[PDB]
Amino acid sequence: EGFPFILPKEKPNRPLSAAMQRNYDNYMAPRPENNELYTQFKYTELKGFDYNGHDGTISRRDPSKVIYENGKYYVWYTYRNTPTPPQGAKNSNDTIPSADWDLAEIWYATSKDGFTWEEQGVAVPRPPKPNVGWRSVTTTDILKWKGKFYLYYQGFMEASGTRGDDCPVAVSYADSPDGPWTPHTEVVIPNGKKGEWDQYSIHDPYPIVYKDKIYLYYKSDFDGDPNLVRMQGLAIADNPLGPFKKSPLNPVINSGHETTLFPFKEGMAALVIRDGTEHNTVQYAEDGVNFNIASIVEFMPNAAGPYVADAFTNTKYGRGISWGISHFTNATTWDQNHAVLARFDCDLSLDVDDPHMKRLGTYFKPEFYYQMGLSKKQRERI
């Protein structure tokens, strides 16, 4: 009569509470150990990147997916090297950046093992004014299509923060992952119309080959009262230079920030990080459009660029991920504002089985918790 002591692998045929029904109906397994989309994340400090003594003049952030070509791993990222660290839009000009990603280029690095990288230099330079991206080219991601390579990126036309963090998405292309990279110059993912959620920002472009097409996911900042809202959308294309057609169901993900996705089984998995009600989840859509919570996780990577071996193969059954590159922002202090690249490792893979990536949390000593203390105003409130 009572619920069994041995946890059933399949939903028992008995009256069940709403929470028990959900444990079976909503997740790939009724326990974390067998949930292929539950994981912990481990972090490794990269070697190979110089940040000018971390004085805020050099930043690297928002890595592309990692790919493997020419016997090595490649990664692209936002690279800012300015004499002055970021000063905010009001105090920016042609040489002083507004935000960490202002006045930036796309650079690239290679690696034999994903732990030590060698910086190769510029991939996408800033185009001349007034072309899309002249102010800053940022937040790129990579697609391979019919033997050629495409870097989609945010293309700033005014310093970030002038009205908001505003831009459309542009693209460059190459015959080799070593470049050189030719700009498409036209906008490829446009802003929405007046009054639409994506009218000011198309951020974090992230393409995956799926269902014979290019599924490119992005984020947009909207609302503003009381605060900005961030959600994620989708646009789909038959050719890498477009036309991209936005899903009529955007936003497809109701939380998160920077997009990170990968083919998984017949569907698409997504990391849903930092913001929104469903922050700190991995999510899954059977069709790449209708996303559900697949797991609840902690210490997620920021702006992950995983190694997705099956990102471009038009796979009919995605295997998932186990490592990549991510970032940490404001690595020192705000007056020397800059980001660093980092490595993460996890098990969101059908081809990796490591119970030591599947513990339920990471815990700390009391002193750590006391640092998340009450302010002066809070203690005064009582």
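Quick note: we count residues from 1 along the sequence shown, nothing fancier.
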Quick check on the record: does 367-375 or 15-23 carry the larger mean Cα temperature factor? 367-375
Mean C-alpha B-factor comparison - 82-90 and 166-174, higher one: 82-90
If you compare 196, 141, 258, 278, which has the highest Cα B-factor in the entry? 196
Out of 62, 345, 351, 36, highest CA B-factor residue: 351
Among the modelled residues of its chain, does the C-alpha B-factor of residue 233 lie in the lowest, middle or highest third? lowest
Comparing residue 54 with the other modelled residues of its chain, is its CA B-factor in the lowest, middle or highest third? highest
So, residue 250's CA B-factor, relative to its chain, sits in which third? The middle
Comparing against every modelled residue in the chain, figure out the third that the C-alpha B-factor of residue 262 lands in (lowest, middle or highest). lowest
Entry-reported C-alpha B-factor of residue 304 relative to its chain, by third, is lowest
